[PDB]
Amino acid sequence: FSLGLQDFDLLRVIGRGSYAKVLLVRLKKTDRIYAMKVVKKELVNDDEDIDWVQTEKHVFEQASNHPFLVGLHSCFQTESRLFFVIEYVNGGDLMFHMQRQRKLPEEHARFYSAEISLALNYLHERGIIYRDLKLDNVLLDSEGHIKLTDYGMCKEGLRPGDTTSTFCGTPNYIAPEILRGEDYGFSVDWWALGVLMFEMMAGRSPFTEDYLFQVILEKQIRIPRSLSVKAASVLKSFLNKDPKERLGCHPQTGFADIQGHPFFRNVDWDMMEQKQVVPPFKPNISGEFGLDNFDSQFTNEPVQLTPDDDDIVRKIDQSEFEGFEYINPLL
């Protein structure tokens, strides 16, 4: 019935994180290619692990169809591993891009932040706080549009006006209200976007973790002299330390406030969401599979899954993973 590992060819290793090894794969007997995230079950032990995997799967399902999120093809498992077969996104990522470009013109940062805003707003309308926005979690597709990735840290199930309390995120991007221990909502995503926009336009972060948190909480953010009034305003508005006054966070009008901000005046949001706006940069894409923009650290790895150690695998609590199988109800 459900797909399994033996329905795919492994083509290349393309990435690694703390939970997953990511490969380019191809559905046998077809030309259809996917990314495949492989998570060893021996890494899923705590409630934090279980929730991470469950959340990633549930958000992957919500993300299918939306242009700026990564779609889910299928989930399946072997005795030792969990597998997510997902949209293959091969334009690189914004961290990669910033390492090469160093600093983006305001028009470029506008384009990326507009698409990220549309992605965030869709997640928020579905009750999801993203909580993991950072340069290397914004992928570029082959044409140069953005896709948000890495969904395990999301909070899902937030009815409008709900808040949550978990201390999490990447330190450089964690919002003041999280650092203050307040319950929070979607405001933390708009703070992170502020930080990311600062990084794009200034070429540096606006800021030990202890000292970094103190800087986030107390230090005044200075806008580079060379940025326009509109950029200064959009950055200071997103980086307001009070979530009640922050851009995008005003009740009822938040997203309209972003769309109406002078920084975004030259944005046709309807065309933007239909991918009818020309990206300002076209990623390098060559050859049969366009592996140009992945670190050779991974594309040089041998294309294989590490052999199972029976002494470990026999101890896995397989009941924890019943029902993992999934196939996209759109094929």
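Don't overthink the numbering: it's just position in the shown sequence, from 1. C-alpha atoms forming the largest set that superposes within 1.5 Å between two forms make up the rigid core.
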Quiz prompt | Higher-deviation stretch (C-alpha RMS, rigid core fit) in 5 other deposited structures of this protein, choosing from 280-288 and 64-72 | solution = 280-288
Exercise. Find the stretch among 170-178 and 208-216 with the larger RMS C-alpha deviation in 5 other deposited structures of this protein, all structures being superposed on the shown form by the rigid core.
Key: 208-216
Quiz item: What size is the break between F207 and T208 in terms of deposited sequence residues left without coordinates: none, 1 to 3, 4 to 9, or 10 or more?
Solution: 10 or more
Self-check item: Mean C-alpha temperature factor, higher of 231-239 and 172-180
Solution: 172-180
Self-check item: Mean C-alpha B-factor comparison - 121-129 and 218-226, higher one
Solution: 218-226
Quiz item: Can you tell me which of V70, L291, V39, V303 has the highest Cα temperature factor in the record?
Solution: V303
Quiz item: Per the entry, which of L43, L27, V59, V278 tops the list for Cα B factor?
Solution: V278
Quiz item: Of the three thirds of its chain by CA temperature factor, lowest, middle or highest, which one includes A63?
Solution: highest
Practice problem: Pull the Cα B-factor of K134 out of the PDB entry and bin it into the chain's lowest, middle or highest third. | Solution: lowest
Quiz item: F324's Cα B-factor: lowest, middle or highest third of the chain?
Solution: lowest
Self-check item: Third assignment of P105 from its chain's C-alpha B-factors
Solution: middle
Quiz item: So where's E79 on the chain's Cα temperature factor ranking, which third?
Solution: lowest
